[PDB]
> 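Supplied in structure tokens, the structure appears directly below.
Every heavy atom of this structure was used, including side-chain atoms; hydrogens, water molecules and symmetry mates were not. Numbers here simply count residues along the sequence, with the first being 1. Whatever order the structure lists them in is the order used to number ligands and atoms, beginning at 1.
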Amino acid sequence: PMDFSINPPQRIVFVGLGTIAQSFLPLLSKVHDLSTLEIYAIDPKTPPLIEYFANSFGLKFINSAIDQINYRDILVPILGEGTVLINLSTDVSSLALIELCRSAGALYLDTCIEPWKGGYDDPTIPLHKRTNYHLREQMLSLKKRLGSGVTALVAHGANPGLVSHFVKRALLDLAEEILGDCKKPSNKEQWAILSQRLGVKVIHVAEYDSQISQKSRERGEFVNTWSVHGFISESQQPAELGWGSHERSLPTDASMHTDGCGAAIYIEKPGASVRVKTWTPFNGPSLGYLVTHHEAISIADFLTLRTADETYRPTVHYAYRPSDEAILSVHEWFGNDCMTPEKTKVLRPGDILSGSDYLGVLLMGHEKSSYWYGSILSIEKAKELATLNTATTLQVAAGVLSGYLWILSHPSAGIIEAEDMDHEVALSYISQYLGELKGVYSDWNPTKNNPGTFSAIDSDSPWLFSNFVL
Ligand SMILES: NC(=O)c1ccc[n+]([C@@H]2O[C@H](COP(=O)([O-])OP(=O)(O)OC[C@H]3O[C@@H](n4cnc5c(N)ncnc54)[C@H](O)[C@@H]3O)[C@@H](O)[C@H]2O)c1
């Protein structure tokens, strides 16, 4: 059930005008006439293309930094009914803006629950209160307090965001193939009942970035297909993962949250040091980094089934195989005591020679072993679909556009996550920007090629976390 056309708002406000924000303006141009809209962008960093932006939409740019002092003064004159606040910044508290948008009655959209300046790596803050799990529980507590009201969709980019919709569709594919049941769940509980009935035990966000760089890294240069400092920051945080009801042995140097709706583990080691085996359509078995991610918790909680005596819950976490440049950069990064790099470079469309960003979810434990579903977007395809976009950026920008259109057509939903949306509508908005949406089955498991652990008669034994992590 989808709206043929969604009317534009009266005003848009971009808190932060970085890569993703710029990668998103072209996509937004096709949908809505940016000249009939008053569009603000608040960023302390003036971009080079700010002139072309002003000579196409009349972009009212504000060179300022949003902090606890001046945020309630730069925005209040700008926020109101009919305004959409799109937060694509760093160091700005999403939760702080949510409450502010509720007062002004404005719609809110972001791709990450960011705290204020320095909320991730703050030694003065206790560790267990610096995890994505804790950031999410703050959002959920604010969701309960505010309750019904103007919509605010958080953490809806590519991942977290689209991948949540991929999980739902993957479950329906498995349901049609294994169970012959074409019945769509109607609520969270029914989604969890389906995951349990199929026997889903492990879900990976298995991403493989095969994009090749035009030129080679210069000395001391950290290169990546998206934000370098955003990648280093996520790589530095402790690895987190949803812990499933099938697991037995616990990871080493690990702690756990159990006061919520499901077990959530955070390992006291950087995600860039925790390597896990996974599977992607690029070349099958792959090695990724167990990077902490929002969807690792939201997906697991979404498919958690708690009854009087039993509990069902899959293991869910990110498995990221980044570009060849980032891997080599991470290597040198460790060699320099993880100090901030001398030089940085986010690869642009002109810098990428070939390759694709395989972004999808890998569901495991069911009758057919492994099933991968997601977006396979090549760089060449992205260049023909929009400007200022790589394969990595376009998948995110598409996620932003999807959430943008949902909050306009559903502006009275309060605070919501990707799981609260209608995945069918969410993907139909932007399916054309995701290149190839395919589902691939595979008889793979982390023990198939390791004689020391291979088993074909113990059902869930091959799906234990000990078999995935190195
Ligand atoms: N869900 C996803 O798939 C996904 C993918 C990538 C990024 N993101 C998120 O989107 C957000 C933006 O990421 P990006 O890749 O474009 O990073 P970026 O660094 O290219 O852009 C972030 C921008 O925010 C600006 N900024 C920093 N402090 C600010 C302040 N106090 N006030 C206003 N602006 C400020 C910076 O100048 C920068 O231009 C991040 O929070 C990131 O976590 C989500």
> Under a 4.0 Å heavy-atom limit, does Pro160 contact ligand 1 with its side chain, its backbone, both, or neither?
both
> Tell me whether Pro44 reaches ligand 1 (any heavy atom closer than 4.0 angstrom to a ligand atom).
yes
> In residues 42-49, what donor-acceptor pairs under 3.5 Å come from side-chain atoms, sequence neighbours left out?
residue	atom	partner	partner atom	Å
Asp43	OD1	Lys45	N	2.6
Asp43	OD2	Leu17	N	2.9
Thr46	OG1	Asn63	ND2	2.8

> Heavy-atom distances under 4.0 Å decide this one: backbone, side chain, both or neither, for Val346 against ligand 1?
neither
> Counting both backbone and side chain atoms, is some N or O of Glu234 under 3.5 Å from an N or O of ligand 1?
no
> Can you tell me how far apart CD1 (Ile113) and CZ (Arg136) are? Round to the nearest 0.5 Å.
8.0 Å
> What verdict does the side-chain contact (heavy atoms from CB on, under 4.5 Å) test give for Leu88 and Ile86, after you've listed the backbone C-alpha separation in whole Å, the side-chain angles of each residue and the deciding distance to 0.1 Å?
CA-CA 6 Å; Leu88 302 174; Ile86 301 176; 3.8 Å; yes
> Going by side chain to side chain contact (heavy atoms under 4.5 Å, CB included), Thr278 matches just one of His317, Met364, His204, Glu207. Which one?
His204
> Between ligand 1 and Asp67, can you find any atom pair, the residue atom being a heavy atom, that is separated by under 4.0 Å?
no
> If I apply the N/O under 3.5 Å rule, does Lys45 come out as touching ligand 1?
no
> Measure centre to centre between the rings of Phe222 and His229, then say whether the value is under 6.0 Å.
no
> Considering only heavy atoms of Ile42, which atoms of ligand 1 have at least one such atom less than 4.0 Å away?
33 (C), 34 (N)
> Select the closest option to atom 29 (C) of ligand 1 among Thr90, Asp91, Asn87, judged by heavy-atom distance.
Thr90
> Based purely on interatomic distance, does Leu17 place a nitrogen or oxygen under 3.5 Å from a nitrogen or oxygen of ligand 1?
no
> Are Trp116 and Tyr71, when compared by the centres of their aromatic rings, separated by less than 6.0 Å?
yes
> Is there at least one pair of N or O atoms, one from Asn159 and one from ligand 1, spaced under 3.5 Å apart?
yes
> So, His294 versus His156, ring centres under 6.0 angstrom or not?
no
> Aromatic ring centroids of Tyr320 and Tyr289 under 6.0 Å?
no
> Out of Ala41, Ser23, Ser227, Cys112, indicate the one that has the non-hydrogen atom closest to atom 17 (O) of ligand 1.
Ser227
> Heavy-atom distance to atom 6 (C) of ligand 1: which of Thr392, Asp110, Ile20 wins?
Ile20
> Among all protein heavy atoms in this structure, tell me which lies nearest to atom 44 (C) of ligand 1, with the distance rounded to 0.1 Å.
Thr111 OG1, 3.1 Å
> Quick one: salt bridge (charged side-chain N to carboxylate O under 4.0 Å, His left out) partners of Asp324, sequence neighbours excluded?
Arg321
> Indicate, as side chain, backbone, both or neither, the part of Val396 found under 4.0 angstrom from ligand 1 when only non-hydrogen atoms are considered.
side chain
